[PDB]
Amino acid sequence: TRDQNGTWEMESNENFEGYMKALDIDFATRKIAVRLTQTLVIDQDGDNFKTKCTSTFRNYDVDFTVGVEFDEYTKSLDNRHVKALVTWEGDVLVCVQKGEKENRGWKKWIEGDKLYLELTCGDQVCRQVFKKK
Ligand SMILES: *C/C=C(C)/C=C/C=C(C)/C=C/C1=C(C)CCCC1(C)C
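As structure tokens, then:
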């Protein structure tokens, strides 16, 4: 399914530290981020996504339309300008963030009752799994 709608509660979060370090997120921020439970709320209407990440610390939204390139300034993350593009490869939603970091972006897909999110930057891969609330 391409339907990724839902309130998704983080079940596991593998190598978030390595991914954040590849992005040059500061030590103290990584230390806090790595311990927090994330909730990811996805509102998906056709090609339009409104994505909201929440934790007890930082909360972060990003909206995009599938197949429409968009500039991002990754404020409150690594503070870089990237050109972002989110497209479908089969039932995998693929984001590429073109810019300074190589292999930067993510892949997101549904398997059964779970949402999988693989974040990449440089040689690092972070694997997150969420379950619907
Ligand atoms: C569809 C899935 C999306 C848009 C995933 C977005 C992921 C984030 C906004 C992640 C944010 C963070 C980090 C990369 C590290 C610092 C802590 C967070 C949660 C602000």
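Residue 77 in the entry's author numbering is what sits at position 77 of the sequence shown, and the numbering runs on without skipping anything. The C-beta atom is built at its ideal place from N, Cα and C for all residues, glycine as well.
Taking 8 Å as the cut-off, is the C-beta of residue i nearer than that to any heavy atom in ligand 1?
i: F27; result: no
i: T39; result: no
i: residue 134; result: Absent from the model: residue 134. The displayed extent of the chain is 1 to 133, so no value can be given.
i: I42; result: yes
i: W88; result: no
i: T7; result: no
i: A33; result: yes
i: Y19; result: yes
i: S12; result: no
i: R104; result: no
Considering only C-alpha positions, which residue in the set the options is nearest to residue i?
i: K107; options: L93, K98 and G99; result: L93
i: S76; options: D61, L85 and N15; result: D61
Taking the DSSP output, what are the residues bridged to residue i?
i: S12; result: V129
Using three-state DSSP, classify residue i as helix, strand or coil.
i: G18; result: helix
List, from N- to C-terminal side, the beta strand (DSSP E) runs of 3 residues or more that fit wholly inside the segment 58–92.
Here the runs fully enclosed are 60–65, 70–73 and 81–89.
Within the segment 91–117, ranges of the beta strand (DSSP E) (whole runs, at least 3 residues):
92–98 and 105–111, all fully within the segment 91–117.
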